[PDB]
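The structure appears below as structure tokens.
We use all heavy atoms of the structure for the numbers below, so side chains are in, but hydrogens, waters and symmetry mates are not. Lettering follows sequence order; numbering is per chain, from 1.
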Amino acid sequence: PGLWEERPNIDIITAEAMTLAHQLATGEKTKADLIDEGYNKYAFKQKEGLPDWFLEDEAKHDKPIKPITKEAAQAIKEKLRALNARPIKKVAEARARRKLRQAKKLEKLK
Amino acid sequence: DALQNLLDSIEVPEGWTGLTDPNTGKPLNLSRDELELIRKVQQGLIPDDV
Amino acid sequence: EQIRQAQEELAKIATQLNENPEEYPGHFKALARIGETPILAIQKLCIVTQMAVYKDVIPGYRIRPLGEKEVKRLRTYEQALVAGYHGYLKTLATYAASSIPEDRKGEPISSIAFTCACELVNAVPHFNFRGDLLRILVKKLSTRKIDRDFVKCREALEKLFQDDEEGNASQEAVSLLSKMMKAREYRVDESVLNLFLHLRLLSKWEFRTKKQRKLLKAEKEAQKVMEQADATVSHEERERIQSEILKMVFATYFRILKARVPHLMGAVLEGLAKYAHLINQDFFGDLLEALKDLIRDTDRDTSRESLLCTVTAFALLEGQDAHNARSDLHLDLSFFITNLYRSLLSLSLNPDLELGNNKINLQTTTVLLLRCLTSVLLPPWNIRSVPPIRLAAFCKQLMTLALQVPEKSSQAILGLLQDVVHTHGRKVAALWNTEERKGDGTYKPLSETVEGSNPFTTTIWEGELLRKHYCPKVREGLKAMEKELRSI
Amino acid sequence: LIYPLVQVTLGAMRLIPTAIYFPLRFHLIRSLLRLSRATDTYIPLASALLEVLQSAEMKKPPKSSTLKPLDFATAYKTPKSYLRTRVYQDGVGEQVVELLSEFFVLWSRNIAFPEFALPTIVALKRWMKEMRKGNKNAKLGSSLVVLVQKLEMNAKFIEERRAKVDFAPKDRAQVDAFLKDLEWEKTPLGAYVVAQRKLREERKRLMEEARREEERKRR
Amino acid sequence: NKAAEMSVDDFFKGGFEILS
RNA sequence: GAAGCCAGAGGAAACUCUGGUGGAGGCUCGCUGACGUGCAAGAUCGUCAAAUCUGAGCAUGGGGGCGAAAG
């Protein structure tokens, strides 16, 4: 006719980071120990002026190796598990598929 | 609260570690400074300030 | 006048852009400049014409910022197009946020801008700055003032939710709605929550030379392998988008439940009943004890909340997947059954029973009570497996309630028992034949458990009062119920 | 034509349930009960009475004053002075006790009396526990405890005299001949109601002749 | 059946049966 | 032996019938178990094999349990 919107968030998605988190949570090594071990050979290494190819070459060949714990791995898997990862329908159909596989194995054995 | 546990399962807390505090039965969480220290150890840029 | 001059200008611009788009790259800026004029008629006209021109020029893909002859033609045209579309969206934002009240000469620029925004949402979701478009839509659906523009934007978002097949637009809209509700501290009008219910992702010999033939063959194999890869990546991307949207939706549902907003619990419970089968399994158990905790908190308004949670639990378990999961998942509704049994008397003396396509969100407490009793006594699954003790106890307590409730609620309960006696019969006929009354124990009305109350040691006497009840309707209800009892 | 008439009375007391408008509800409930007595029609009113009981005025501790008892035969509304007064609390308690008395003596022989009364007993006992966990109105407390005791006694009495009645769904001669031969004073609740009819009468002529002496003295 | 027909939310309006 | 095509007799047309042309068919001829669903005390519906023949060349998949797959 008539032409409400008004500090960085640190998230651990890495097995080594969750392993260090577990080690800090347990009375295994303390804060002072973490700084002391943080002054290692990888410390004081430049990152600001460097080209992407150089940085990625070092990133792929210079990851320090640390043991991973089963607890840290399970915690990372639980945190990164999808919300629709294990629906009732999918669990039921996986069980049905394995039951069918066993039945077919038995019939082949027959 | 069961609702609080449901929220935690949906969007895990920032300092979630999956462990249980031996002192108090509640699950133990990392604090802001502890998460900052883990970040500093993982990246290596500034392990200590000043 | 100036108005006709402007109409001629816009007509030239639009016709040129429909006929030859590339040859005219600056006429988007020409529309912006002609709309810069301060007279309201030409502002309305230019907004509508810009709606039309962007609607018919926006491509079926997004473009990258160049940064850093025909090719340069397209680059210039696309850069001008995106700059113009950003300008149009900014102007739409300003006009939509502008004050509606004016003197009455038709739809104001606010409603016109809202119509333009709705059309843009429905036509070009894929293109850029969907964020700004949906932000305007949400800023309108965040005011608690039901208007014609309000219902238009609700319809637009509902249409987008029911038409999105990829998922990114739905994800971004859900995120904006969730953040808006959290910022408003859940003071919204339940329509934005029913939008989550409306979400869909949660539900002739042409001659060819020798050279050409080999190419078209090659692109045949190429498109075959591309279709395969596209199908697989489409499955993975749909799954991930569904996971993210489910996370946000259940987060807002759980926060509303924990805050106990009185006017949103029905919608939240409906959403839970709709999507708990799409969420994980241990979480299904967690929602069962969450409903248990809501019942306990209400125990320590309140009646409606308790009935809503009971209906929610029963519907959740009445879902097919949950029904087949029952034994494996340890999903027992004994708590809900006992709670309903213990609350029957209080609800019977409650005076607010009738102070009022959905399956959970029902406005009347007696309607909720019939849903609970239907789920208990007449379940869709294993209807011929219901415990006779449960049936008899509920029949007795429901006769007492029918004595002590208002007329229409009483007639509803009486019809429910009519259907119960039709369906089961011999299991409860002893409740009316006194010579089959059991002699082992005494009936315990104030019992804590359904089995604790011995229901087969008493007889249905309530007829001699309900027959002289003042309501003819409940009178023929008793007549039909007794007719079925006799025709067993 | 009784149905339409009742519907209107229910709607009349449900239009607005306010402590200001309790007297009007009490008067219309008395009208309905007297209709029920003359006819043989059941009128659910325990809901309304339990509402006025679990209403606002009758729970919070009252306010001290010195006024005259409201005459519940000339009230459509209550004066703003009678908002928290012990006088108003006592008046509404007495009226509730009365209306319950006529209701439960008016249906004191149906073979489903315990099935009709038991919800009222449990509600009253819950209220009594709540208020002795409220106010301090021991008068209303004692009146309701004796009321609930007599209701329980009447329900039991119905138990013993109905335990030996055959009620097959195709043979109901005994229940149609259940208790025509007993009059409304033999039942324990009948004795209760007649006793407090006598007590109400003694208080009424007390106040009536009393106000007559005050009028004569003023004259 | 009948129970559902009464459990429909539209069956508890409150219309007086003298406005037939 | 069907679509399709042709004549004629009725039907307002749509169609019916007769006499034909046509030679497509998951049509013929020569010498069962394993399961799934069941909403009861088992009814019903669905899935899995038996997969043109042949000379010369050529490639791939193989066990178990766990897990939603990814592994």
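No canonical Watson-Crick or G-U wobble pair links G67(F) to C45(F) with each of its two hydrogen-bond distances shorter than 3.5 Å. Here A34(F) is matched with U47(F) as a Watson-Crick or G-U wobble partner, both contacts being under 3.5 Å. Geometry at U32(F) and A49(F) meets the Watson-Crick or G-U wobble definition, both required distances lying under 3.5 Å. Between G38(F) and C58(F) there is no base pair of the Watson-Crick or G-U wobble kind with both of its two distances under 3.5 Å. Here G71(F) sits opposite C66(F) as a true base pair, Watson-Crick or G-U wobble, both distances under 3.5 Å.
A donor-acceptor pair shorter than 3.5 Å can be found between the side chains of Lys179(C) and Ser175(C).
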Quick test: give all pairs of protein nitrogen or oxygen and nucleotides 59-64 of chain F nitrogen or oxygen below 3.5 Å, distance rounded to 0.1 Å.
unit_1: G64(F); atom_1: OP1; unit_2: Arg101(A); atom_2: NH2; d: 2.9
unit_1: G64(F); atom_1: OP1; unit_2: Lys105(A); atom_2: NZ; d: 2.4
unit_1: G64(F); atom_1: OP2; unit_2: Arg101(A); atom_2: NH2; d: 2.9

Pull out every protein N or O sitting under 3.5 Å from an N or O of nucleotides 67-71 of chain F, one pair per line with the distance.
unit_1: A68(F); atom_1: OP1; unit_2: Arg86(A); atom_2: NE; d: 2.7
unit_1: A68(F); atom_1: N9; unit_2: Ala85(A); atom_2: O; d: 3.4
unit_1: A68(F); atom_1: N3; unit_2: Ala85(A); atom_2: O; d: 3.3

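When the P atom is used for both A2(F) and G25(F), the distance is 15 Å, rounded to whole Å. Between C5(F) and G22(F), the distance separating the two P atoms is 15 Å to the nearest Å. Taking the P atom of each, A24(F) and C15(F) are spaced 26 Å apart, rounded to whole Å. Comparing the P positions of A43(F) and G33(F) gives a spacing of 15 Å, expressed to the nearest Å. If you take atom P in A50(F) and the same atom in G67(F), they sit 31 Å apart, rounded to whole Å. If you take atom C1' in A59(F) and the same atom in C35(F), they sit 34 Å apart, rounded to whole Å.
Under the rule of centres below 5.5 angstrom and planes below 30 degrees, the bases of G23(F) and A24(F) are not stacked.
Counting heavy atoms from C-beta on, the side chains of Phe250(C) and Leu287(C) come closer than 4.5 Å. Between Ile383(C) and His424(C) the shortest side-chain heavy-atom distance falls below 4.5 Å.
Look at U21(F): its Watson-Crick or wobble partner, with both distances under 3.5 angstrom, is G4(F). Nucleotide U28(F) has no partner under the Watson-Crick or G-U criteria, as no pair reaches both atom distances under 3.5 Å. Pairing partner, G55(F): none, since no Watson-Crick or wobble contact has both distances short of 3.5 Å. In this structure, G62(F) makes no Watson-Crick or G-U wobble pair, since no nucleotide meets both defining distances under 3.5 angstrom.
Here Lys99(A) reaches the OP1 or OP2 of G36(F): one of its side-chain N or O atoms lies under 4.0 Å away.
Crowding of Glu227(C) atom CD: a count of heavy atoms from other residues, nucleotides or ligands under 6.0 Å not exceeding 12. Surrounding CD of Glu165(C) are more than 12 heavy atoms belonging to other residues, nucleotides or ligands, all under 6.0 Å away. Residue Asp62(A) places its CG atom among more than 12 non-hydrogen atoms of other residues, nucleotides or ligands, all under 6.0 Å distant.
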*Would you mind building the protein contact string for nucleotides 39-51 of chain F? One character per nucleotide, 5' to 3', B for base within reach (heavy atoms under 4.0 Å), S for sugar-phosphate only, - for untouched.*
BSS------S---
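The aromatic rings of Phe161(C) and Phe196(C) lie tilted to each other, with the angle between the two planes from 30° to 60°.
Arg371(C) and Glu318(C) are not joined by a salt bridge, as no carboxylate oxygen comes within less than 4.0 angstrom of a charged side-chain nitrogen.
Between the side chain of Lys438(C) and the backbone N or O of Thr457(C), no donor-acceptor pair lies under 3.5 Å. Between the side chain of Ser7(E) and the main chain of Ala4(E), a donor-acceptor pair closer than 3.5 Å is present. No donor-acceptor pair closer than 3.5 Å links the side chain of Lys108(A) to the backbone N or O of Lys104(A).
Note that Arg437(C) lies outside the cation-pi zone of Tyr443(C), set by a 6.0 Å cut-off to the ring centre and a 45° limit from the axis.
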